[PDB]
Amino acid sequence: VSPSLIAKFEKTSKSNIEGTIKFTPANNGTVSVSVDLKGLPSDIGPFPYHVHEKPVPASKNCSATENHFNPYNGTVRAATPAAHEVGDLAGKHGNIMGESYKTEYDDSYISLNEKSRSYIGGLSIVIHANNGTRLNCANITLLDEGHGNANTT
């Protein structure tokens, strides 16, 4: 059982977007994704969001996360979920939209297993305006403090 992860979005002078995206292991080799966001600038949405390949640095420069996490050469536009990049959550499941957005879904492509080529731990998530401008971003970190088979959290 691989550990749960979370991306925590914080409000700054650059963006009012705040909230969380949680990743928890679920049944049948899937990962449950829970999105809970507010402060979105609705009129410039809907908002693509993706797992990107590099961490958000201390400067909070969303550009420094570089490209989408795409370990299998995926295409931006697809006729089936599997043709999307692994990190292309919005392409597969829908863009964030509105001023507030709360949703839950399963993704069977991302992995919580550090030994998987689809592992998303240590990466980042970027939320974009509809035109591609990066609005806010967050590192993907551990959801729980305490781990191991003899521990509690």
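We number the residues from 1 along the sequence you see.
Undergrad: Which is higher in the entry, the mean Cα B factor of 35-43 or that of 111-119?
TA: Per the deposited B-factors, the answer is 111-119.
Undergrad: On mean C-alpha B-factor from the PDB entry, just flag whether 94-102 or 22-30 is the higher one.
TA: Result of the comparison: 22-30.
Undergrad: Report the third (lowest, middle or highest) to which the CA temperature factor of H68 belongs, ranking only the modelled residues of the same chain.
TA: Within its chain, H68 is a highest-third residue by C-alpha B-factor, going by the deposited values.
Undergrad: Would you please rank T133 by its C-alpha temperature factor against the other modelled residues of its chain and give the third it falls in: lowest, middle or highest?
TA: Tercile = middle for this residue's CA B-factor.
Undergrad: Compared with the other modelled residues in the chain, in which third is the CA B-factor of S13?
TA: Its C-alpha B-factor belongs to the highest third of this chain's values.
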